[PDB]
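J.: What follows is the file coords21.cif, containing mmCIF, N, CA, C and O atoms:
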```
data_entry
loop_
_atom_site.label_atom_id
_atom_site.label_comp_id
_atom_site.auth_asym_id
_atom_site.auth_seq_id
_atom_site.Cartn_x
_atom_site.Cartn_y
_atom_site.Cartn_z
N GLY R 1 8.38 173.51 81.82
CA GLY R 1 8.01 173.99 83.14
C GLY R 1 7.30 172.93 83.96
O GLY R 1 7.64 172.69 85.13
N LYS R 2 6.34 172.24 83.34
CA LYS R 2 5.67 171.15 84.05
C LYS R 2 6.66 170.03 84.39
O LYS R 2 6.56 169.41 85.45
N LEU R 3 7.64 169.81 83.52
CA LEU R 3 8.60 168.74 83.74
C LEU R 3 9.53 169.07 84.91
O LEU R 3 9.84 168.20 85.73
N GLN R 4 9.97 170.32 85.00
CA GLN R 4 10.79 170.72 86.14
C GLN R 4 10.00 170.66 87.43
O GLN R 4 10.54 170.27 88.48
N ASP R 5 8.71 171.01 87.39
CA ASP R 5 7.91 170.89 88.60
C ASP R 5 7.76 169.43 89.00
O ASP R 5 7.77 169.10 90.20
N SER R 6 7.68 168.53 88.02
CA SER R 6 7.59 167.11 88.33
C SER R 6 8.88 166.59 88.95
O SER R 6 8.84 165.81 89.91
N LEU R 7 10.03 167.02 88.43
CA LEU R 7 11.30 166.62 89.04
C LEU R 7 11.45 167.18 90.45
O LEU R 7 12.00 166.50 91.32
N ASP R 8 10.96 168.39 90.69
CA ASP R 8 11.04 168.93 92.04
C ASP R 8 10.16 168.15 93.00
O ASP R 8 10.57 167.84 94.13
N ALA R 9 8.95 167.78 92.56
CA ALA R 9 8.09 166.97 93.41
C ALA R 9 8.69 165.59 93.65
O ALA R 9 8.58 165.04 94.76
N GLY R 10 9.38 165.04 92.65
CA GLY R 10 9.98 163.73 92.84
C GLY R 10 11.17 163.76 93.79
O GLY R 10 11.32 162.86 94.63
N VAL R 11 11.99 164.80 93.70
CA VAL R 11 13.10 164.93 94.64
C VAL R 11 12.57 165.14 96.05
O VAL R 11 13.10 164.57 97.02
N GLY R 12 11.49 165.91 96.18
CA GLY R 12 10.93 166.12 97.50
C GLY R 12 10.34 164.86 98.09
O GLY R 12 10.50 164.59 99.28
N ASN R 13 9.68 164.04 97.26
CA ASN R 13 9.19 162.76 97.75
C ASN R 13 10.35 161.84 98.11
O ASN R 13 10.24 161.02 99.03
N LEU R 14 11.47 161.95 97.39
CA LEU R 14 12.63 161.13 97.70
C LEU R 14 13.31 161.54 99.00
O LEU R 14 13.92 160.69 99.66
N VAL R 15 13.22 162.80 99.39
CA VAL R 15 14.01 163.28 100.53
C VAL R 15 13.17 163.81 101.69
O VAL R 15 13.58 163.62 102.85
N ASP R 16 12.03 164.45 101.44
CA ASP R 16 11.42 165.27 102.47
C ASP R 16 10.93 164.43 103.65
O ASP R 16 10.42 163.32 103.50
N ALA R 17 11.12 164.98 104.85
CA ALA R 17 10.72 164.34 106.09
C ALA R 17 9.22 164.45 106.31
O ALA R 17 8.57 165.39 105.86
N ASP R 18 8.68 163.46 107.02
CA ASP R 18 7.28 163.48 107.47
C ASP R 18 7.19 164.21 108.80
O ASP R 18 7.12 163.60 109.88
N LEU R 19 7.15 165.54 108.73
CA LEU R 19 7.29 166.36 109.93
C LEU R 19 6.13 166.17 110.91
O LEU R 19 6.33 166.30 112.13
N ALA R 20 4.93 165.88 110.42
CA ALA R 20 3.81 165.68 111.33
C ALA R 20 4.03 164.46 112.21
O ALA R 20 3.58 164.42 113.36
N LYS R 21 4.73 163.45 111.69
CA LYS R 21 5.16 162.33 112.52
C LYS R 21 6.42 162.68 113.30
O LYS R 21 6.65 162.13 114.39
N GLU R 22 7.25 163.57 112.76
CA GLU R 22 8.47 163.96 113.45
C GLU R 22 8.17 164.69 114.75
O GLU R 22 8.93 164.57 115.71
N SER R 23 7.05 165.42 114.81
CA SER R 23 6.69 166.09 116.05
C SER R 23 6.38 165.08 117.15
O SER R 23 6.84 165.22 118.29
N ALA R 24 5.63 164.03 116.81
CA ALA R 24 5.34 162.99 117.79
C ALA R 24 6.60 162.23 118.17
O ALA R 24 6.80 161.90 119.35
N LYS R 25 7.46 161.94 117.20
CA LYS R 25 8.68 161.21 117.50
C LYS R 25 9.60 162.03 118.40
O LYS R 25 10.26 161.48 119.30
N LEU R 26 9.63 163.35 118.21
CA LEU R 26 10.44 164.20 119.08
C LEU R 26 9.84 164.28 120.47
O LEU R 26 10.57 164.20 121.47
N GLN R 27 8.52 164.43 120.56
CA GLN R 27 7.87 164.49 121.87
C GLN R 27 8.06 163.19 122.64
O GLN R 27 8.10 163.20 123.87
N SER R 28 8.17 162.06 121.93
CA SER R 28 8.42 160.80 122.61
C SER R 28 9.90 160.64 122.97
O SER R 28 10.23 160.11 124.03
N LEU R 29 10.80 161.09 122.09
CA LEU R 29 12.23 160.96 122.35
C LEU R 29 12.67 161.82 123.52
O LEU R 29 13.59 161.44 124.26
N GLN R 30 12.03 162.97 123.73
CA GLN R 30 12.36 163.77 124.91
C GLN R 30 12.03 163.02 126.19
O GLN R 30 12.85 162.96 127.11
N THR R 31 10.83 162.44 126.26
CA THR R 31 10.45 161.67 127.43
C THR R 31 11.34 160.45 127.60
O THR R 31 11.67 160.07 128.73
N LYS R 32 11.77 159.85 126.49
CA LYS R 32 12.65 158.69 126.60
C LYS R 32 14.01 159.09 127.16
O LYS R 32 14.57 158.39 128.01
N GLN R 33 14.55 160.23 126.71
CA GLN R 33 15.83 160.70 127.24
C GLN R 33 15.72 161.07 128.72
O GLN R 33 16.64 160.82 129.50
N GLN R 34 14.58 161.64 129.12
CA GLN R 34 14.41 162.01 130.52
C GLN R 34 14.27 160.77 131.41
O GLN R 34 14.89 160.69 132.48
N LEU R 35 13.49 159.78 130.97
CA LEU R 35 13.43 158.53 131.72
C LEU R 35 14.77 157.82 131.75
O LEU R 35 15.11 157.20 132.76
N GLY R 36 15.57 157.93 130.68
CA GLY R 36 16.86 157.27 130.69
C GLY R 36 17.85 157.93 131.63
O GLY R 36 18.60 157.25 132.33
N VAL R 37 17.86 159.27 131.66
CA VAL R 37 18.76 159.94 132.59
C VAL R 37 18.32 159.72 134.03
O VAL R 37 19.15 159.56 134.93
N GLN R 38 17.00 159.64 134.27
CA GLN R 38 16.54 159.33 135.62
C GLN R 38 16.90 157.90 136.01
O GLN R 38 17.27 157.64 137.16
N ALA R 39 16.83 156.97 135.06
CA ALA R 39 17.23 155.60 135.35
C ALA R 39 18.72 155.51 135.64
O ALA R 39 19.14 154.73 136.50
N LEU R 40 19.53 156.30 134.94
CA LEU R 40 20.96 156.30 135.23
C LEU R 40 21.24 156.90 136.61
O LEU R 40 22.09 156.40 137.36
N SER R 41 20.50 157.95 136.97
CA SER R 41 20.62 158.54 138.30
C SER R 41 20.16 157.58 139.39
O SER R 41 20.60 157.73 140.54
N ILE R 42 19.27 156.65 139.07
CA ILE R 42 18.94 155.59 140.02
C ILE R 42 20.05 154.55 140.08
O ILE R 42 20.42 154.08 141.17
N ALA R 43 20.60 154.17 138.93
CA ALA R 43 21.60 153.11 138.87
C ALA R 43 22.90 153.50 139.55
O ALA R 43 23.64 152.62 140.00
N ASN R 44 23.21 154.80 139.61
CA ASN R 44 24.53 155.21 140.06
C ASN R 44 24.81 154.83 141.51
O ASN R 44 25.97 154.59 141.87
N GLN R 45 23.78 154.76 142.36
CA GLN R 45 24.01 154.65 143.80
C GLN R 45 23.58 153.32 144.41
O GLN R 45 23.70 153.17 145.64
N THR R 46 23.09 152.37 143.63
CA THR R 46 22.76 151.07 144.19
C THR R 46 23.95 150.40 144.89
O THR R 46 23.75 149.84 145.98
N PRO R 47 25.17 150.41 144.34
CA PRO R 47 26.30 149.86 145.12
C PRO R 47 26.53 150.56 146.45
O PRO R 47 27.03 149.92 147.38
N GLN R 48 26.19 151.84 146.55
CA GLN R 48 26.52 152.63 147.73
C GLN R 48 25.86 152.10 149.00
O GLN R 48 26.33 152.40 150.10
N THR R 49 24.80 151.30 148.86
CA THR R 49 24.14 150.72 150.03
C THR R 49 25.06 149.79 150.80
O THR R 49 24.78 149.48 151.96
N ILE R 50 26.15 149.32 150.18
CA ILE R 50 27.12 148.47 150.86
C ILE R 50 27.75 149.17 152.05
O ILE R 50 28.22 148.50 152.99
N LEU R 51 27.79 150.51 152.05
CA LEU R 51 28.36 151.23 153.18
C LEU R 51 27.54 151.02 154.44
O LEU R 51 28.08 151.09 155.55
N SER R 52 26.24 150.76 154.31
CA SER R 52 25.39 150.56 155.47
C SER R 52 25.80 149.35 156.30
O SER R 52 25.59 149.34 157.52
N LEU R 53 26.37 148.32 155.67
CA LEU R 53 26.85 147.15 156.40
C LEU R 53 28.06 147.44 157.27
O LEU R 53 28.31 146.69 158.22
N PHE R 54 28.81 148.49 156.98
CA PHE R 54 30.03 148.78 157.71
C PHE R 54 29.84 149.99 158.63
O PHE R 54 29.29 151.01 158.21
N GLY E 1 32.44 150.15 122.00
CA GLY E 1 32.05 150.60 123.33
C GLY E 1 31.36 149.50 124.12
O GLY E 1 31.64 149.30 125.31
N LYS E 2 30.47 148.76 123.46
CA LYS E 2 29.82 147.64 124.14
C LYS E 2 30.83 146.57 124.53
O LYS E 2 30.75 145.99 125.62
N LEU E 3 31.80 146.30 123.65
CA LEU E 3 32.80 145.29 123.94
C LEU E 3 33.70 145.71 125.09
O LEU E 3 34.11 144.88 125.91
N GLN E 4 34.02 147.01 125.17
CA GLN E 4 34.85 147.48 126.28
C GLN E 4 34.09 147.39 127.59
O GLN E 4 34.66 146.99 128.62
N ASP E 5 32.80 147.74 127.58
CA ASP E 5 32.01 147.60 128.81
C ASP E 5 31.89 146.13 129.21
O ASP E 5 31.93 145.80 130.40
N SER E 6 31.79 145.24 128.22
CA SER E 6 31.70 143.81 128.52
C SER E 6 33.00 143.29 129.11
O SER E 6 32.99 142.49 130.05
N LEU E 7 34.14 143.73 128.57
CA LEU E 7 35.42 143.30 129.13
C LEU E 7 35.64 143.86 130.53
O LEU E 7 36.23 143.18 131.38
N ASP E 8 35.16 145.07 130.80
CA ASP E 8 35.28 145.60 132.16
C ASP E 8 34.42 144.80 133.13
O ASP E 8 34.88 144.45 134.23
N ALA E 9 33.19 144.48 132.74
CA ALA E 9 32.36 143.65 133.60
C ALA E 9 32.97 142.27 133.80
O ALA E 9 32.91 141.71 134.90
N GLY E 10 33.62 141.73 132.77
CA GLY E 10 34.22 140.42 132.89
C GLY E 10 35.41 140.40 133.84
O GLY E 10 35.50 139.55 134.73
N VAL E 11 36.32 141.36 133.67
CA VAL E 11 37.47 141.40 134.58
C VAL E 11 37.01 141.70 136.00
O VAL E 11 37.57 141.16 136.96
N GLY E 12 35.95 142.50 136.16
CA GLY E 12 35.45 142.76 137.50
C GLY E 12 34.86 141.53 138.14
O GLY E 12 35.07 141.29 139.33
N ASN E 13 34.16 140.71 137.36
CA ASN E 13 33.70 139.43 137.90
C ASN E 13 34.87 138.52 138.24
O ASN E 13 34.80 137.75 139.20
N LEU E 14 35.97 138.61 137.48
CA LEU E 14 37.16 137.84 137.83
C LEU E 14 37.80 138.32 139.13
O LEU E 14 38.43 137.52 139.83
N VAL E 15 37.66 139.60 139.47
CA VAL E 15 38.40 140.14 140.61
C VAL E 15 37.52 140.62 141.76
O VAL E 15 37.94 140.50 142.92
N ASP E 16 36.33 141.16 141.50
CA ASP E 16 35.62 141.89 142.54
C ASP E 16 35.22 140.99 143.70
O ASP E 16 34.80 139.85 143.52
N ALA E 17 35.37 141.52 144.91
CA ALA E 17 35.10 140.81 146.15
C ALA E 17 33.61 140.73 146.44
O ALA E 17 32.82 141.56 145.99
N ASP E 18 33.24 139.71 147.22
CA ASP E 18 31.88 139.56 147.74
C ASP E 18 31.75 140.38 149.02
O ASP E 18 31.70 139.86 150.14
N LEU E 19 31.71 141.71 148.84
CA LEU E 19 31.85 142.62 149.97
C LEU E 19 30.74 142.48 151.00
O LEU E 19 30.98 142.63 152.21
N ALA E 20 29.51 142.18 150.56
CA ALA E 20 28.42 142.02 151.52
C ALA E 20 28.65 140.81 152.41
O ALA E 20 28.33 140.84 153.60
N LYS E 21 29.21 139.74 151.85
CA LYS E 21 29.67 138.63 152.67
C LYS E 21 30.89 139.02 153.50
O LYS E 21 31.09 138.49 154.60
N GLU E 22 31.71 139.94 152.98
CA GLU E 22 32.92 140.34 153.69
C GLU E 22 32.59 141.10 154.96
O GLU E 22 33.35 141.04 155.93
N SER E 23 31.45 141.81 154.99
CA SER E 23 31.06 142.49 156.22
C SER E 23 30.77 141.48 157.33
O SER E 23 31.21 141.65 158.48
N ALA E 24 30.05 140.41 157.00
CA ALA E 24 29.78 139.37 157.99
C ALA E 24 31.05 138.65 158.39
O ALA E 24 31.25 138.32 159.57
N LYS E 25 31.94 138.39 157.42
CA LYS E 25 33.19 137.71 157.75
C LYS E 25 34.05 138.57 158.66
O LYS E 25 34.71 138.05 159.56
N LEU E 26 34.02 139.89 158.47
CA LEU E 26 34.76 140.79 159.35
C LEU E 26 34.17 140.79 160.75
O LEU E 26 34.90 140.68 161.74
N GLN E 27 32.84 140.92 160.85
CA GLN E 27 32.21 140.99 162.16
C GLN E 27 32.39 139.68 162.92
O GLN E 27 32.40 139.68 164.16
N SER E 28 32.53 138.57 162.21
CA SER E 28 32.80 137.30 162.88
C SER E 28 34.27 137.16 163.25
O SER E 28 34.60 136.65 164.34
N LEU E 29 35.18 137.57 162.36
CA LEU E 29 36.60 137.40 162.62
C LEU E 29 37.07 138.27 163.78
O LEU E 29 37.98 137.87 164.52
N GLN E 30 36.47 139.44 163.96
CA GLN E 30 36.83 140.26 165.12
C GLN E 30 36.49 139.54 166.42
O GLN E 30 37.31 139.48 167.35
N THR E 31 35.28 138.97 166.49
CA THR E 31 34.89 138.23 167.68
C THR E 31 35.78 137.02 167.89
O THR E 31 36.16 136.71 169.02
N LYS E 32 36.15 136.33 166.81
CA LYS E 32 37.04 135.19 166.95
C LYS E 32 38.41 135.62 167.46
O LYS E 32 39.03 134.91 168.26
N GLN E 33 38.88 136.80 167.04
CA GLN E 33 40.16 137.30 167.53
C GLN E 33 40.10 137.59 169.03
O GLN E 33 41.02 137.23 169.77
N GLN E 34 39.04 138.25 169.48
CA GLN E 34 38.97 138.58 170.90
C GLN E 34 38.77 137.32 171.76
O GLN E 34 39.34 137.22 172.86
N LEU E 35 38.01 136.34 171.27
CA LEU E 35 37.93 135.07 171.98
C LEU E 35 39.27 134.35 172.00
O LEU E 35 39.60 133.69 172.99
N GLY E 36 40.07 134.49 170.94
CA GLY E 36 41.39 133.88 170.97
C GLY E 36 42.32 134.56 171.96
O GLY E 36 43.12 133.91 172.63
N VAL E 37 42.20 135.88 172.08
CA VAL E 37 43.00 136.60 173.07
C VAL E 37 42.60 136.19 174.48
O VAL E 37 43.47 135.96 175.34
N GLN E 38 41.30 136.08 174.74
CA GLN E 38 40.87 135.63 176.07
C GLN E 38 41.31 134.20 176.34
O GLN E 38 41.68 133.85 177.47
N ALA E 39 41.30 133.35 175.31
CA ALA E 39 41.76 131.98 175.49
C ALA E 39 43.25 131.93 175.82
O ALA E 39 43.66 131.14 176.68
N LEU E 40 44.05 132.77 175.17
CA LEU E 40 45.47 132.81 175.51
C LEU E 40 45.69 133.35 176.92
O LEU E 40 46.55 132.84 177.66
N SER E 41 44.92 134.36 177.31
CA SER E 41 45.10 134.91 178.65
C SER E 41 44.73 133.89 179.71
O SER E 41 45.37 133.83 180.77
N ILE E 42 43.72 133.06 179.44
CA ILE E 42 43.40 131.97 180.36
C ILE E 42 44.48 130.90 180.33
O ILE E 42 44.81 130.31 181.37
N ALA E 43 45.06 130.63 179.16
CA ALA E 43 46.11 129.62 179.08
C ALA E 43 47.37 130.02 179.82
O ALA E 43 48.15 129.15 180.20
N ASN E 44 47.59 131.33 180.03
CA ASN E 44 48.83 131.77 180.65
C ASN E 44 48.99 131.24 182.08
O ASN E 44 50.09 130.83 182.47
N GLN E 45 47.90 131.22 182.86
CA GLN E 45 48.05 130.94 184.29
C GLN E 45 48.00 129.46 184.65
O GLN E 45 48.20 129.14 185.83
N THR E 46 47.71 128.57 183.71
CA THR E 46 47.59 127.15 184.06
C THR E 46 48.84 126.59 184.72
O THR E 46 48.71 125.94 185.77
N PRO E 47 50.06 126.77 184.20
CA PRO E 47 51.25 126.37 184.97
C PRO E 47 51.39 127.10 186.30
O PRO E 47 51.91 126.52 187.26
N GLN E 48 50.92 128.35 186.38
CA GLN E 48 51.22 129.20 187.52
C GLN E 48 50.63 128.66 188.82
O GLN E 48 51.14 128.98 189.90
N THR E 49 49.60 127.82 188.74
CA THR E 49 48.96 127.30 189.95
C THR E 49 49.88 126.42 190.78
O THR E 49 49.60 126.21 191.96
N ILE E 50 50.95 125.88 190.19
CA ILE E 50 51.83 124.98 190.93
C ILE E 50 52.47 125.69 192.12
O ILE E 50 52.83 125.05 193.11
N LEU E 51 52.62 127.01 192.04
CA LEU E 51 53.22 127.75 193.14
C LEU E 51 52.36 127.66 194.39
O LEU E 51 52.87 127.72 195.52
N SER E 52 51.04 127.51 194.22
CA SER E 52 50.15 127.38 195.36
C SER E 52 50.41 126.11 196.17
O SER E 52 50.10 126.08 197.36
N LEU E 53 50.96 125.08 195.54
CA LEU E 53 51.28 123.84 196.23
C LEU E 53 52.43 123.98 197.21
O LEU E 53 52.57 123.13 198.10
N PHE E 54 53.26 125.01 197.08
CA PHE E 54 54.41 125.18 197.96
C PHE E 54 54.10 126.12 199.12
O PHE E 54 53.67 127.25 198.90
#
```
I'd like the structure from this file rewritten - as structure tokens, please.

T.:
Amino acid sequence: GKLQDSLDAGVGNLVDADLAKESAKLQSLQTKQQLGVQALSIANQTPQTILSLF
Amino acid sequence: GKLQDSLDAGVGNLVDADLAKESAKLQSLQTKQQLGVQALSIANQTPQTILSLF
């Protein structure tokens, strides 16, 4: 019984995620995706200023 | 995907026009055309003055 509990703890150490850090990484990745989509929305229309010359 | 975007940027640099310069070239070429038309209209009557001598 102790041996099976040790193997379960070892498999969990081999695989289990660090969720307390995963919360911060997710909260940062959301802001990164939002800044990236806003940057793409800025990039889309810079060529369009050429119409002002004509 | 990166290589395809790079090839698109490369072929575009091979082909894409300097449109901002093209606006100035257009605005100048129109004026040069109208000055050429006025120059031809002035050139038309130079022989015609000989009739005044008779």

J.: Figure out the distance between atom C of residue 53 in chain E and atom N of residue 40 in chain E, please, to one decimal in Å.

T.: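 So the two atoms, atom N of residue 40 in chain E and atom C of residue 53 in chain E, lie 25.2 Å apart.
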
J.: Identify every residue of chain E that has at least one atom within 12 Å of any atom of chain R, counting only C-alpha atoms, and report the result as a PyMOL selection string.

T.: chain E and resi 18-27

J.: Fit chain R to chain E, using all C-alpha atoms paired in sequence order for the least-squares superposition, and then show me the result as a compact mmCIF listing (two decimals) with N, CA, C and O atoms, keeping the file's coordinate frame.

T.:
```txt
# COMPACT_ATOMS: atom_id res chain seq x y z
N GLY R 1 32.55 150.17 122.08
CA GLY R 1 32.17 150.63 123.40
C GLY R 1 31.48 149.56 124.22
O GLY R 1 31.83 149.32 125.39
N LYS R 2 30.53 148.85 123.59
CA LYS R 2 29.88 147.75 124.30
C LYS R 2 30.89 146.64 124.63
O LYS R 2 30.80 146.02 125.69
N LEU R 3 31.87 146.45 123.76
CA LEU R 3 32.85 145.39 123.97
C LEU R 3 33.78 145.73 125.14
O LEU R 3 34.10 144.86 125.95
N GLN R 4 34.20 146.99 125.24
CA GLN R 4 35.01 147.39 126.38
C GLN R 4 34.22 147.31 127.67
O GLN R 4 34.77 146.93 128.72
N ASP R 5 32.93 147.64 127.63
CA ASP R 5 32.13 147.50 128.84
C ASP R 5 32.01 146.03 129.23
O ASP R 5 32.02 145.70 130.43
N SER R 6 31.94 145.14 128.25
CA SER R 6 31.88 143.71 128.55
C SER R 6 33.18 143.21 129.17
O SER R 6 33.15 142.43 130.12
N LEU R 7 34.32 143.67 128.65
CA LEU R 7 35.59 143.29 129.25
C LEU R 7 35.74 143.84 130.67
O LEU R 7 36.30 143.16 131.53
N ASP R 8 35.23 145.04 130.92
CA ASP R 8 35.30 145.57 132.27
C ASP R 8 34.43 144.77 133.22
O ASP R 8 34.85 144.46 134.35
N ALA R 9 33.23 144.38 132.78
CA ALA R 9 32.38 143.55 133.63
C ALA R 9 33.01 142.18 133.86
O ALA R 9 32.91 141.62 134.97
N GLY R 10 33.71 141.65 132.85
CA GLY R 10 34.33 140.35 133.04
C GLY R 10 35.52 140.39 133.98
O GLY R 10 35.69 139.49 134.82
N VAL R 11 36.32 141.45 133.90
CA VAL R 11 37.43 141.59 134.84
C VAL R 11 36.90 141.78 136.25
O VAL R 11 37.44 141.22 137.22
N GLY R 12 35.80 142.53 136.39
CA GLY R 12 35.24 142.72 137.71
C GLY R 12 34.67 141.45 138.29
O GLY R 12 34.84 141.18 139.48
N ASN R 13 34.03 140.62 137.46
CA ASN R 13 33.56 139.33 137.94
C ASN R 13 34.74 138.43 138.29
O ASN R 13 34.64 137.60 139.21
N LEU R 14 35.85 138.57 137.57
CA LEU R 14 37.03 137.76 137.88
C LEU R 14 37.70 138.18 139.18
O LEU R 14 38.33 137.33 139.83
N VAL R 15 37.59 139.43 139.58
CA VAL R 15 38.37 139.92 140.72
C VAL R 15 37.53 140.43 141.88
O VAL R 15 37.94 140.24 143.04
N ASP R 16 36.37 141.05 141.64
CA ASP R 16 35.75 141.85 142.67
C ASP R 16 35.28 140.99 143.85
O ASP R 16 34.79 139.88 143.69
N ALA R 17 35.46 141.54 145.05
CA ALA R 17 35.07 140.88 146.29
C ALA R 17 33.57 140.97 146.51
O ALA R 17 32.90 141.90 146.07
N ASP R 18 33.05 139.96 147.21
CA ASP R 18 31.65 139.96 147.67
C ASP R 18 31.55 140.67 149.00
O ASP R 18 31.49 140.06 150.08
N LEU R 19 31.48 142.00 148.94
CA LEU R 19 31.61 142.82 150.14
C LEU R 19 30.45 142.60 151.12
O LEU R 19 30.65 142.73 152.34
N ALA R 20 29.26 142.29 150.63
CA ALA R 20 28.14 142.07 151.54
C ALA R 20 28.38 140.85 152.41
O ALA R 20 27.94 140.79 153.56
N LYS R 21 29.10 139.85 151.89
CA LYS R 21 29.55 138.74 152.71
C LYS R 21 30.81 139.10 153.49
O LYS R 21 31.05 138.55 154.58
N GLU R 22 31.62 140.01 152.96
CA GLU R 22 32.83 140.42 153.65
C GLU R 22 32.52 141.13 154.95
O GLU R 22 33.28 141.02 155.91
N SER R 23 31.39 141.84 155.02
CA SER R 23 31.02 142.50 156.26
C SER R 23 30.73 141.48 157.36
O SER R 23 31.19 141.62 158.50
N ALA R 24 30.00 140.42 157.01
CA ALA R 24 29.73 139.36 157.98
C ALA R 24 31.00 138.62 158.36
O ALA R 24 31.21 138.29 159.54
N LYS R 25 31.86 138.36 157.39
CA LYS R 25 33.10 137.65 157.68
C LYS R 25 34.00 138.48 158.58
O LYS R 25 34.67 137.93 159.48
N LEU R 26 34.01 139.80 158.40
CA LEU R 26 34.80 140.66 159.28
C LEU R 26 34.20 140.72 160.67
O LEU R 26 34.94 140.64 161.67
N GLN R 27 32.88 140.84 160.76
CA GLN R 27 32.23 140.88 162.07
C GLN R 27 32.45 139.58 162.83
O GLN R 27 32.49 139.58 164.06
N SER R 28 32.57 138.46 162.12
CA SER R 28 32.85 137.20 162.79
C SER R 28 34.33 137.06 163.14
O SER R 28 34.67 136.53 164.20
N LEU R 29 35.22 137.53 162.27
CA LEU R 29 36.65 137.43 162.53
C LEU R 29 37.08 138.29 163.70
O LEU R 29 38.01 137.92 164.44
N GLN R 30 36.42 139.42 163.92
CA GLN R 30 36.74 140.22 165.10
C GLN R 30 36.42 139.46 166.38
O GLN R 30 37.24 139.41 167.30
N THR R 31 35.23 138.86 166.45
CA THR R 31 34.87 138.07 167.61
C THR R 31 35.78 136.87 167.77
O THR R 31 36.12 136.48 168.90
N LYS R 32 36.22 136.28 166.66
CA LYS R 32 37.12 135.14 166.76
C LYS R 32 38.47 135.56 167.32
O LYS R 32 39.04 134.86 168.17
N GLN R 33 38.99 136.71 166.88
CA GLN R 33 40.26 137.20 167.41
C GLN R 33 40.15 137.56 168.89
O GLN R 33 41.07 137.32 169.67
N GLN R 34 39.00 138.10 169.30
CA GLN R 34 38.82 138.46 170.70
C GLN R 34 38.70 137.21 171.58
O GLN R 34 39.33 137.14 172.65
N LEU R 35 37.94 136.21 171.14
CA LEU R 35 37.90 134.96 171.88
C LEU R 35 39.26 134.27 171.90
O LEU R 35 39.61 133.65 172.91
N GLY R 36 40.05 134.40 170.83
CA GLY R 36 41.36 133.76 170.84
C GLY R 36 42.33 134.44 171.78
O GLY R 36 43.10 133.76 172.48
N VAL R 37 42.32 135.77 171.82
CA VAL R 37 43.21 136.45 172.75
C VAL R 37 42.78 136.22 174.19
O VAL R 37 43.61 136.07 175.09
N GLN R 38 41.46 136.11 174.43
CA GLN R 38 41.00 135.79 175.78
C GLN R 38 41.39 134.36 176.16
O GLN R 38 41.76 134.10 177.31
N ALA R 39 41.33 133.44 175.21
CA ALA R 39 41.76 132.07 175.49
C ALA R 39 43.25 132.00 175.77
O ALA R 39 43.69 131.23 176.63
N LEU R 40 44.05 132.81 175.08
CA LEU R 40 45.48 132.84 175.37
C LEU R 40 45.75 133.43 176.75
O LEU R 40 46.61 132.94 177.50
N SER R 41 44.99 134.47 177.12
CA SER R 41 45.10 135.05 178.45
C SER R 41 44.66 134.08 179.54
O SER R 41 45.10 134.23 180.69
N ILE R 42 43.78 133.13 179.21
CA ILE R 42 43.47 132.06 180.15
C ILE R 42 44.60 131.04 180.21
O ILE R 42 44.98 130.57 181.29
N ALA R 43 45.16 130.68 179.05
CA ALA R 43 46.18 129.63 178.99
C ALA R 43 47.47 130.04 179.67
O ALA R 43 48.22 129.17 180.11
N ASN R 44 47.76 131.35 179.74
CA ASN R 44 49.07 131.78 180.19
C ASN R 44 49.36 131.39 181.63
O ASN R 44 50.52 131.17 181.99
N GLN R 45 48.33 131.30 182.49
CA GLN R 45 48.56 131.19 183.92
C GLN R 45 48.16 129.84 184.53
O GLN R 45 48.28 129.69 185.75
N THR R 46 47.68 128.89 183.74
CA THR R 46 47.38 127.58 184.29
C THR R 46 48.58 126.93 184.99
O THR R 46 48.39 126.36 186.07
N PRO R 47 49.80 126.96 184.44
CA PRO R 47 50.94 126.43 185.21
C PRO R 47 51.16 127.12 186.55
O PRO R 47 51.67 126.49 187.47
N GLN R 48 50.79 128.40 186.65
CA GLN R 48 51.11 129.18 187.84
C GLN R 48 50.46 128.63 189.11
O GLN R 48 50.93 128.94 190.21
N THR R 49 49.42 127.82 188.96
CA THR R 49 48.77 127.22 190.13
C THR R 49 49.70 126.30 190.89
O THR R 49 49.43 125.98 192.05
N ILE R 50 50.80 125.85 190.27
CA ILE R 50 51.79 125.01 190.94
C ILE R 50 52.41 125.72 192.14
O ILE R 50 52.89 125.05 193.07
N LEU R 51 52.42 127.06 192.14
CA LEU R 51 52.98 127.78 193.28
C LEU R 51 52.17 127.55 194.54
O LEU R 51 52.70 127.62 195.65
N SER R 52 50.87 127.27 194.41
CA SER R 52 50.02 127.04 195.57
C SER R 52 50.46 125.84 196.39
O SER R 52 50.25 125.81 197.61
N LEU R 53 51.04 124.82 195.75
CA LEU R 53 51.55 123.65 196.47
C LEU R 53 52.75 123.96 197.34
O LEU R 53 53.01 123.21 198.29
N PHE R 54 53.48 125.02 197.06
CA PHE R 54 54.70 125.33 197.79
C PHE R 54 54.49 126.53 198.72
O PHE R 54 53.92 127.54 198.31
```

J.: Check the DSSP output for the backbone and give back, as a VMD selection string, the residues of chain E in alpha helix (DSSP H).

T.: chain E and resid 2 to 15 19 to 44

J.: Box for range 6-14 of chain R: with edges along x, y and z, all listed atoms inside and 4 Å added on each side, what are the centre and edge lengths in Å to one decimal, as lines of an AutoDock Vina configuration file?

T.:
```
center_x = 10.8
center_y = 164.8
center_z = 93.8
size_x = 14.3
size_y = 16.2
size_z = 19.6
```

J.: Can you tell me how far atom N of residue 9 in chain E sits from atom N of residue 44 in chain R, in Å to one decimal?

T.: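 The value is 15.9 Å.
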
J.: How far is it from CA of residue 30 in chain E to CA of residue 45 in chain E, in Å with one decimal?

T.: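 Taking CA of residue 30 in chain E and CA of residue 45 in chain E, their separation equals 24.1 Å.
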